[PDB]
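What follows is the content of entry-v6.tsv (TSV, N, CA and C atoms).
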```tsv
chain	number	residue	atom	x	y	z
A	1	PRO	N	9.84	25.50	29.45
A	1	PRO	CA	9.26	25.55	30.79
A	1	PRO	C	10.32	25.59	31.87
A	2	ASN	N	9.89	25.62	33.12
A	2	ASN	CA	10.84	25.44	34.20
A	2	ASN	C	10.21	24.69	35.36
A	3	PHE	N	10.80	23.53	35.60
A	3	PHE	CA	10.39	22.61	36.64
A	3	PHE	C	10.82	23.05	38.03
A	4	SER	N	11.67	24.07	38.14
A	4	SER	CA	12.22	24.46	39.44
A	4	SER	C	11.10	24.88	40.38
A	5	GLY	N	11.27	24.57	41.66
A	5	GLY	CA	10.27	24.96	42.63
A	5	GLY	C	10.16	23.93	43.74
A	6	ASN	N	9.33	24.27	44.72
A	6	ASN	CA	9.03	23.37	45.82
A	6	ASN	C	7.61	22.87	45.62
A	7	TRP	N	7.48	21.55	45.46
A	7	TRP	CA	6.24	20.92	45.02
A	7	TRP	C	5.67	20.12	46.18
A	8	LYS	N	4.37	20.28	46.43
A	8	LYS	CA	3.67	19.52	47.46
A	8	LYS	C	2.58	18.65	46.84
A	9	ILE	N	2.45	17.43	47.35
A	9	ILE	CA	1.60	16.43	46.71
A	9	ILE	C	0.13	16.70	46.99
A	10	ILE	N	-0.72	16.50	45.97
A	10	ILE	CA	-2.16	16.59	46.14
A	10	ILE	C	-2.89	15.29	45.80
A	11	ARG	N	-2.28	14.36	45.06
A	11	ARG	CA	-2.92	13.11	44.70
A	11	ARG	C	-1.85	12.03	44.57
A	12	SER	N	-2.19	10.80	44.93
A	12	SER	CA	-1.27	9.68	44.74
A	12	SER	C	-2.10	8.44	44.49
A	13	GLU	N	-2.00	7.88	43.28
A	13	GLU	CA	-2.91	6.85	42.81
A	13	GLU	C	-2.16	5.63	42.30
A	14	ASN	N	-2.70	4.45	42.64
A	14	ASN	CA	-2.20	3.16	42.17
A	14	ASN	C	-0.83	2.81	42.73
A	15	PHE	N	-0.44	3.39	43.86
A	15	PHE	CA	0.88	3.13	44.41
A	15	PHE	C	0.97	1.75	45.04
A	16	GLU	N	-0.10	1.27	45.69
A	16	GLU	CA	-0.04	-0.08	46.25
A	16	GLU	C	0.06	-1.12	45.14
A	17	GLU	N	-0.65	-0.89	44.04
A	17	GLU	CA	-0.62	-1.82	42.93
A	17	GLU	C	0.79	-1.91	42.35
A	18	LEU	N	1.50	-0.78	42.31
A	18	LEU	CA	2.88	-0.78	41.84
A	18	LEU	C	3.77	-1.60	42.76
A	19	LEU	N	3.69	-1.35	44.07
A	19	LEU	CA	4.54	-2.05	45.03
A	19	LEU	C	4.26	-3.54	45.05
A	20	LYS	N	3.01	-3.93	44.76
A	20	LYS	CA	2.66	-5.33	44.67
A	20	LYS	C	3.45	-6.03	43.56
A	21	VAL	N	3.57	-5.38	42.40
A	21	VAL	CA	4.36	-5.95	41.30
A	21	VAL	C	5.78	-6.26	41.76
A	22	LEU	N	6.34	-5.40	42.61
A	22	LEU	CA	7.72	-5.53	43.06
A	22	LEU	C	7.88	-6.47	44.25
A	23	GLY	N	6.81	-7.13	44.70
A	23	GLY	CA	6.90	-8.14	45.73
A	23	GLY	C	6.62	-7.67	47.15
A	24	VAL	N	6.41	-6.37	47.36
A	24	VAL	CA	6.25	-5.85	48.72
A	24	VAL	C	5.00	-6.45	49.37
A	25	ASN	N	5.17	-6.99	50.58
A	25	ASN	CA	4.05	-7.58	51.30
A	25	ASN	C	3.08	-6.48	51.75
A	26	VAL	N	1.86	-6.90	52.10
A	26	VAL	CA	0.75	-5.95	52.22
A	26	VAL	C	0.99	-4.91	53.31
A	27	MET	N	1.56	-5.31	54.45
A	27	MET	CA	1.68	-4.36	55.56
A	27	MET	C	2.67	-3.25	55.22
A	28	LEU	N	3.81	-3.62	54.63
A	28	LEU	CA	4.75	-2.60	54.16
A	28	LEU	C	4.14	-1.78	53.04
A	29	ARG	N	3.26	-2.37	52.22
A	29	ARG	CA	2.63	-1.58	51.16
A	29	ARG	C	1.74	-0.49	51.74
A	30	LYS	N	0.95	-0.82	52.77
A	30	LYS	CA	0.04	0.16	53.34
A	30	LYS	C	0.81	1.30	53.97
A	31	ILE	N	1.91	0.97	54.66
A	31	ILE	CA	2.73	1.98	55.32
A	31	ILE	C	3.46	2.80	54.29
A	32	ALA	N	3.87	2.18	53.17
A	32	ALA	CA	4.48	2.95	52.09
A	32	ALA	C	3.48	3.88	51.43
A	33	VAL	N	2.23	3.44	51.24
A	33	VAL	CA	1.22	4.33	50.67
A	33	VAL	C	1.04	5.55	51.56
A	34	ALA	N	0.97	5.33	52.88
A	34	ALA	CA	0.82	6.45	53.80
A	34	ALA	C	2.00	7.40	53.66
A	35	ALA	N	3.20	6.86	53.54
A	35	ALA	CA	4.38	7.70	53.40
A	35	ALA	C	4.35	8.48	52.09
A	36	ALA	N	3.88	7.85	51.01
A	36	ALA	CA	3.80	8.51	49.71
A	36	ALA	C	2.78	9.63	49.70
A	37	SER	N	1.75	9.50	50.52
A	37	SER	CA	0.70	10.50	50.58
A	37	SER	C	1.19	11.83	51.12
A	38	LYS	N	2.40	11.86	51.68
A	38	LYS	CA	2.90	13.01	52.41
A	38	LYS	C	4.02	13.75	51.69
A	39	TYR	N	4.57	13.18	50.64
A	39	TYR	CA	5.94	13.54	50.32
A	39	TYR	C	6.02	14.80	49.45
A	40	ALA	N	7.25	15.31	49.32
A	40	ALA	CA	7.51	16.61	48.73
A	40	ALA	C	8.66	16.48	47.75
A	41	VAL	N	8.69	17.37	46.77
A	41	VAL	CA	9.67	17.35	45.70
A	41	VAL	C	10.24	18.75	45.58
A	42	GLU	N	11.57	18.85	45.58
A	42	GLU	CA	12.24	20.12	45.33
A	42	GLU	C	13.07	19.96	44.07
A	43	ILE	N	12.90	20.86	43.11
A	43	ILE	CA	13.59	20.78	41.83
A	43	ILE	C	14.37	22.06	41.58
A	44	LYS	N	15.62	21.93	41.15
A	44	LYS	CA	16.40	23.03	40.59
A	44	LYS	C	16.79	22.63	39.19
A	45	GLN	N	16.28	23.34	38.19
A	45	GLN	CA	16.55	23.03	36.79
A	45	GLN	C	17.34	24.17	36.18
A	46	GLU	N	18.47	23.83	35.56
A	46	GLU	CA	19.29	24.79	34.82
A	46	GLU	C	19.47	24.22	33.42
A	47	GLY	N	18.67	24.68	32.47
A	47	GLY	CA	18.77	24.12	31.13
A	47	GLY	C	18.37	22.66	31.14
A	48	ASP	N	19.25	21.75	30.71
A	48	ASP	CA	19.00	20.32	30.71
A	48	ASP	C	19.53	19.62	31.96
A	49	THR	N	19.98	20.36	32.97
A	49	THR	CA	20.54	19.78	34.18
A	49	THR	C	19.54	19.92	35.32
A	50	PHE	N	19.29	18.82	36.03
A	50	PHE	CA	18.26	18.76	37.06
A	50	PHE	C	18.88	18.32	38.38
A	51	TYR	N	18.51	19.01	39.45
A	51	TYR	CA	18.74	18.54	40.81
A	51	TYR	C	17.36	18.34	41.42
A	52	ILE	N	17.09	17.14	41.93
A	52	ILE	CA	15.78	16.81	42.46
A	52	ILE	C	15.97	16.18	43.83
A	53	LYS	N	15.28	16.73	44.83
A	53	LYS	CA	15.27	16.18	46.18
A	53	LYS	C	13.85	15.76	46.51
A	54	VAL	N	13.67	14.50	46.84
A	54	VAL	CA	12.38	13.94	47.20
A	54	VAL	C	12.45	13.52	48.66
A	55	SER	N	11.42	13.85	49.44
A	55	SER	CA	11.47	13.54	50.85
A	55	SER	C	10.10	13.15	51.37
A	56	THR	N	10.12	12.23	52.33
A	56	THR	CA	8.94	11.93	53.12
A	56	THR	C	9.28	12.25	54.58
A	57	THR	N	8.49	11.77	55.54
A	57	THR	CA	8.68	12.21	56.92
A	57	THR	C	10.05	11.83	57.47
A	58	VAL	N	10.52	10.62	57.17
A	58	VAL	CA	11.75	10.10	57.77
A	58	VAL	C	12.85	9.83	56.76
A	59	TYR	N	12.64	10.09	55.46
A	59	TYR	CA	13.63	9.73	54.44
A	59	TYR	C	13.71	10.82	53.38
A	60	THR	N	14.93	11.06	52.89
A	60	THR	CA	15.12	12.01	51.80
A	60	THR	C	16.18	11.46	50.87
A	61	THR	N	16.04	11.74	49.57
A	61	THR	CA	17.00	11.28	48.57
A	61	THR	C	17.16	12.35	47.50
A	62	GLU	N	18.38	12.46	46.97
A	62	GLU	CA	18.72	13.44	45.94
A	62	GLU	C	19.06	12.73	44.65
A	63	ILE	N	18.49	13.22	43.55
A	63	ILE	CA	18.69	12.70	42.21
A	63	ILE	C	19.32	13.84	41.40
A	64	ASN	N	20.43	13.55	40.74
A	64	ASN	CA	21.12	14.54	39.92
A	64	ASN	C	21.28	13.95	38.53
A	65	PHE	N	20.91	14.71	37.50
A	65	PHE	CA	21.13	14.18	36.16
A	65	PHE	C	21.12	15.29	35.12
A	66	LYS	N	21.68	14.95	33.96
A	66	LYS	CA	21.57	15.76	32.76
A	66	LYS	C	20.79	14.97	31.71
A	67	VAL	N	19.84	15.63	31.05
A	67	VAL	CA	19.06	14.94	30.02
A	67	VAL	C	20.01	14.36	28.99
A	68	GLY	N	19.79	13.10	28.62
A	68	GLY	CA	20.62	12.43	27.63
A	68	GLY	C	21.91	11.82	28.15
A	69	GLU	N	22.21	11.94	29.44
A	69	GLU	CA	23.45	11.42	30.01
A	69	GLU	C	23.11	10.39	31.07
A	70	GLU	N	23.68	9.20	30.95
A	70	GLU	CA	23.34	8.13	31.88
A	70	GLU	C	23.81	8.48	33.30
A	71	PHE	N	23.02	8.08	34.29
A	71	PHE	CA	23.37	8.27	35.69
A	71	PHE	C	22.89	7.05	36.47
A	72	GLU	N	23.25	7.00	37.75
A	72	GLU	CA	22.85	5.89	38.60
A	72	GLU	C	21.90	6.38	39.69
A	73	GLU	N	20.82	5.64	39.90
A	73	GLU	CA	19.91	5.90	41.01
A	73	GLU	C	19.48	4.53	41.54
A	74	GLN	N	18.32	4.48	42.18
A	74	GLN	CA	17.74	3.22	42.63
A	74	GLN	C	16.34	3.11	42.07
A	75	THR	N	15.92	1.88	41.78
A	75	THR	CA	14.55	1.64	41.37
A	75	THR	C	13.60	1.98	42.50
A	76	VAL	N	12.31	2.07	42.15
A	76	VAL	CA	11.26	2.47	43.08
A	76	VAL	C	11.29	1.63	44.36
A	77	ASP	N	11.67	0.37	44.25
A	77	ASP	CA	11.74	-0.49	45.42
A	77	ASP	C	13.16	-0.67	45.95
A	78	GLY	N	14.12	0.13	45.46
A	78	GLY	CA	15.42	0.23	46.11
A	78	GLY	C	16.59	-0.42	45.41
A	79	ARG	N	16.40	-0.99	44.23
A	79	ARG	CA	17.59	-1.64	43.68
A	79	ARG	C	18.34	-0.70	42.75
A	80	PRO	N	19.67	-0.73	42.83
A	80	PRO	CA	20.48	0.21	42.04
A	80	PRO	C	20.32	-0.02	40.54
A	81	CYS	N	20.28	1.07	39.78
A	81	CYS	CA	20.00	0.96	38.36
A	81	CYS	C	20.74	2.05	37.59
A	82	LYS	N	20.84	1.83	36.29
A	82	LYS	CA	21.32	2.84	35.36
A	82	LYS	C	20.12	3.48	34.69
A	83	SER	N	20.09	4.81	34.68
A	83	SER	CA	18.95	5.56	34.18
A	83	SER	C	19.38	6.53	33.08
A	84	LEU	N	18.43	6.84	32.19
A	84	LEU	CA	18.64	7.78	31.09
A	84	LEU	C	17.34	8.52	30.81
A	85	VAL	N	17.37	9.84	30.98
A	85	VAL	CA	16.21	10.71	30.80
A	85	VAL	C	16.24	11.32	29.40
A	86	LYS	N	15.08	11.33	28.73
A	86	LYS	CA	14.91	12.01	27.45
A	86	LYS	C	13.64	12.85	27.47
A	87	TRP	N	13.63	13.93	26.69
A	87	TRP	CA	12.42	14.70	26.50
A	87	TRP	C	11.46	13.97	25.57
A	88	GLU	N	10.18	13.99	25.93
A	88	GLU	CA	9.13	13.55	25.04
A	88	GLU	C	8.37	14.72	24.41
A	89	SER	N	8.47	15.91	24.98
A	89	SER	CA	7.82	17.12	24.47
A	89	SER	C	8.44	18.30	25.22
A	90	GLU	N	7.89	19.50	25.00
A	90	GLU	CA	8.44	20.67	25.67
A	90	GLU	C	8.48	20.48	27.18
A	91	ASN	N	7.40	19.93	27.75
A	91	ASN	CA	7.21	19.92	29.19
A	91	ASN	C	7.14	18.53	29.80
A	92	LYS	N	7.55	17.48	29.10
A	92	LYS	CA	7.51	16.15	29.70
A	92	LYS	C	8.77	15.38	29.36
A	93	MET	N	9.31	14.68	30.36
A	93	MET	CA	10.50	13.86	30.23
A	93	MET	C	10.17	12.43	30.65
A	94	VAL	N	10.95	11.47	30.12
A	94	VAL	CA	10.76	10.05	30.38
A	94	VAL	C	12.12	9.46	30.75
A	95	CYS	N	12.14	8.65	31.81
A	95	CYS	CA	13.36	8.00	32.26
A	95	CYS	C	13.22	6.50	32.10
A	96	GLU	N	14.13	5.89	31.36
A	96	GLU	CA	14.21	4.43	31.30
A	96	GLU	C	15.30	3.94	32.25
A	97	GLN	N	15.02	2.82	32.92
A	97	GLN	CA	15.92	2.25	33.90
A	97	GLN	C	16.32	0.82	33.52
A	98	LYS	N	17.56	0.47	33.87
A	98	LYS	CA	18.09	-0.86	33.66
A	98	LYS	C	18.83	-1.30	34.92
A	99	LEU	N	18.46	-2.47	35.44
A	99	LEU	CA	19.09	-2.97	36.66
A	99	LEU	C	20.59	-3.15	36.48
A	100	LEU	N	21.35	-2.87	37.55
A	100	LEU	CA	22.78	-3.11	37.52
A	100	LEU	C	23.11	-4.58	37.75
A	101	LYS	N	22.25	-5.30	38.46
A	101	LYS	CA	22.41	-6.73	38.70
A	101	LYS	C	21.04	-7.38	38.65
A	102	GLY	N	21.04	-8.69	38.44
A	102	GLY	CA	19.83	-9.49	38.47
A	102	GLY	C	18.79	-9.01	37.47
A	103	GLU	N	17.57	-9.49	37.68
A	103	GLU	CA	16.43	-9.14	36.84
A	103	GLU	C	15.27	-8.70	37.72
A	104	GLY	N	14.26	-8.13	37.07
A	104	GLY	CA	13.08	-7.62	37.72
A	104	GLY	C	12.04	-7.19	36.70
A	105	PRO	N	11.03	-6.44	37.12
A	105	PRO	CA	10.11	-5.85	36.15
A	105	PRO	C	10.78	-4.69	35.43
A	106	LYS	N	10.23	-4.36	34.27
A	106	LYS	CA	10.66	-3.17	33.55
A	106	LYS	C	10.12	-1.94	34.27
A	107	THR	N	11.01	-1.08	34.74
A	107	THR	CA	10.58	0.12	35.45
A	107	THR	C	11.06	1.37	34.73
A	108	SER	N	10.34	2.46	34.97
A	108	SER	CA	10.58	3.74	34.32
A	108	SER	C	9.85	4.80	35.14
A	109	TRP	N	10.06	6.07	34.77
A	109	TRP	CA	9.30	7.15	35.39
A	109	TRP	C	9.21	8.32	34.43
A	110	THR	N	8.21	9.17	34.64
A	110	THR	CA	8.03	10.37	33.83
A	110	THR	C	7.73	11.55	34.74
A	111	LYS	N	8.03	12.74	34.24
A	111	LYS	CA	7.73	13.98	34.94
A	111	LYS	C	7.24	15.01	33.94
A	112	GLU	N	6.12	15.66	34.26
A	112	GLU	CA	5.45	16.55	33.31
A	112	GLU	C	4.98	17.81	34.02
A	113	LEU	N	5.20	18.96	33.38
A	113	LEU	CA	4.69	20.24	33.86
A	113	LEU	C	3.49	20.60	32.99
A	114	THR	N	2.29	20.65	33.59
A	114	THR	CA	1.07	20.87	32.82
A	114	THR	C	0.83	22.37	32.63
A	115	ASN	N	-0.10	22.69	31.72
A	115	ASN	CA	-0.40	24.09	31.44
A	115	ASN	C	-1.14	24.76	32.59
A	116	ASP	N	-1.70	23.99	33.52
A	116	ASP	CA	-2.37	24.53	34.70
A	116	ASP	C	-1.45	24.61	35.91
A	117	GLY	N	-0.15	24.46	35.72
A	117	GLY	CA	0.80	24.59	36.82
A	117	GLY	C	0.93	23.39	37.72
A	118	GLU	N	0.47	22.22	37.31
A	118	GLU	CA	0.68	21.03	38.11
A	118	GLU	C	1.94	20.29	37.65
A	119	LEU	N	2.55	19.57	38.58
A	119	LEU	CA	3.62	18.61	38.28
A	119	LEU	C	3.04	17.21	38.39
A	120	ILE	N	3.14	16.45	37.31
A	120	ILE	CA	2.66	15.07	37.27
A	120	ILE	C	3.87	14.16	37.19
A	121	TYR	N	3.97	13.24	38.14
A	121	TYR	CA	5.04	12.25	38.18
A	121	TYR	C	4.41	10.88	38.01
A	122	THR	N	4.92	10.07	37.09
A	122	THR	CA	4.45	8.70	37.03
A	122	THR	C	5.61	7.74	37.23
A	123	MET	N	5.30	6.61	37.84
A	123	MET	CA	6.21	5.49	37.95
A	123	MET	C	5.52	4.27	37.37
A	124	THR	N	6.25	3.50	36.57
A	124	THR	CA	5.67	2.36	35.91
A	124	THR	C	6.48	1.12	36.23
A	125	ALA	N	5.77	0.02	36.47
A	125	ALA	CA	6.37	-1.31	36.55
A	125	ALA	C	5.46	-2.24	35.75
A	126	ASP	N	5.96	-2.70	34.60
A	126	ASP	CA	5.23	-3.57	33.68
A	126	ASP	C	3.96	-2.85	33.24
A	127	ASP	N	2.78	-3.39	33.48
A	127	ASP	CA	1.54	-2.78	33.04
A	127	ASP	C	1.00	-1.76	34.03
A	128	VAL	N	1.64	-1.61	35.18
A	128	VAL	CA	1.07	-0.89	36.32
A	128	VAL	C	1.73	0.48	36.42
A	129	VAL	N	0.93	1.53	36.28
A	129	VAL	CA	1.40	2.91	36.36
A	129	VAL	C	0.84	3.55	37.63
A	130	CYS	N	1.73	4.09	38.45
A	130	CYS	CA	1.34	4.93	39.58
A	130	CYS	C	1.46	6.40	39.18
A	131	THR	N	0.44	7.19	39.47
A	131	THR	CA	0.42	8.60	39.11
A	131	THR	C	0.34	9.45	40.37
A	132	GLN	N	1.19	10.48	40.45
A	132	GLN	CA	1.17	11.43	41.55
A	132	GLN	C	1.15	12.85	41.01
A	133	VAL	N	0.35	13.72	41.63
A	133	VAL	CA	0.18	15.10	41.18
A	133	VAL	C	0.60	16.04	42.29
A	134	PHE	N	1.33	17.10	41.93
A	134	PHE	CA	1.84	18.09	42.87
A	134	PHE	C	1.47	19.49	42.41
A	135	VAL	N	1.43	20.42	43.37
A	135	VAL	CA	1.27	21.84	43.12
A	135	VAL	C	2.40	22.59	43.80
A	136	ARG	N	2.72	23.78	43.28
A	136	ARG	CA	3.77	24.57	43.90
A	136	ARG	C	3.36	24.98	45.30
A	137	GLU	N	4.33	25.00	46.21
A	137	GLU	CA	4.08	25.35	47.60
A	137	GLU	C	3.77	26.84	47.73
```

Target format structure tokens, applied to this file:
Amino acid sequence: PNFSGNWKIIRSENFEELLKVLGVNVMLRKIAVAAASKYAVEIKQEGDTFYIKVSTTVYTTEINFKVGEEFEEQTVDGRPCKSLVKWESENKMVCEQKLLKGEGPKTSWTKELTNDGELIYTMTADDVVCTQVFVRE
């Protein structure tokens, strides 16, 4: 497959429940949900190498990685972590994360290209999975 493209969000589910696990107070959670409802994903994929830019109205971040090679990013709620992406099938990848300091919930994320042309992104913290769905722009 090829994940490359400009992706716009059409669904975002269980995001407040995720942020609750991470301690975020309710008012910041509501404002974060609103921000998540808007955001966009740009992917450039060359073989097993990915460049991913995620942006909302006032914030943007770039993620660079090669499948199977450890890299550093930040957890969903902002703490720096070591990450490692592996394929689970032709069109889906899974990222496991480990905190660089302290402890927290077990966090991870997945990205999947469906046969109907959707991009599905999930973020997990313990038992709580947030699911977001995108379509090409």

For residue 116 (chain A), list every protein, DNA or RNA residue within 12 Å, evaluated using only C-alpha atoms, and leave out those in the same chain fewer than 4 positions away; present the list as a tab-separated table (two decimals) with N, CA and C atoms, in the coordinates of the input.
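Printed below is result_20.tsv as written:
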```
chain	number	residue	atom	x	y	z
A	91	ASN	N	7.40	19.93	27.75
A	91	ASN	CA	7.21	19.92	29.19
A	91	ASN	C	7.14	18.53	29.80
A	112	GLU	N	6.12	15.66	34.26
A	112	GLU	CA	5.45	16.55	33.31
A	112	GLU	C	4.98	17.81	34.02
A	120	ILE	N	3.14	16.45	37.31
A	120	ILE	CA	2.66	15.07	37.27
A	120	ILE	C	3.87	14.16	37.19
A	133	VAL	N	0.35	13.72	41.63
A	133	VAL	CA	0.18	15.10	41.18
A	133	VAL	C	0.60	16.04	42.29
A	134	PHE	N	1.33	17.10	41.93
A	134	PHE	CA	1.84	18.09	42.87
A	134	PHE	C	1.47	19.49	42.41
A	135	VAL	N	1.43	20.42	43.37
A	135	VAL	CA	1.27	21.84	43.12
A	135	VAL	C	2.40	22.59	43.80
A	136	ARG	N	2.72	23.78	43.28
A	136	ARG	CA	3.77	24.57	43.90
A	136	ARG	C	3.36	24.98	45.30
```

**Request:** Up to 6 Å from (6.4, 17.3, 44.3) in the file's coordinates: name the residues, counting all atoms listed in the file, as a PyMOL selection string.
**Result:** chain A and resi 6-9+39-42+134-135

**Request:** Could you please determine the separation between atom C of residue 38 (chain A) and CA of residue 16 (chain A) in Å, to one decimal place?
**Result:** 15.4 Å

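Closest approach to residue 2 (chain A) among A:113, A:52, A:123, A:22: A:113, based on all atoms listed in the file.
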
**Asked** Which value, in Å to one decimal, gives the distance between CA of residue 29 (chain A) and CA of residue 109 (chain A)?
**Response** 19.2 Å

**Request:** Identify which of the residues A:4, A:107, A:114, A:122 lies closest to residue 44 (chain A), counting all atoms listed in the file when measuring atom-to-atom distances.
**Result:** A:4

**Complete:** The distance between CA of residue 20 (chain A) and CA of residue 72 (chain A) is 23.9 Å

**Request:** Name the residues of chain A that fall into helix (DSSP H, G or I) according to DSSP on the backbone, using the chain letters and numbers of this document, as a list in words.
**Result:** residues 15, 16, 17, 18, 19, 20, 21, 26, 27, 28, 29, 30, 31, 32, 33, 34, 35 and 36 of chain A

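Closest approach to residue 105 (chain A) from the set A:81, A:31, A:130, A:21 is made by A:21, with distances taken over all atoms listed in the file.
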
**Residue neighbourhood residue 46 (chain A), 12 Å, only C-alpha atoms, exclusion window fewer than 3 positions, as a count of residues only** = 14
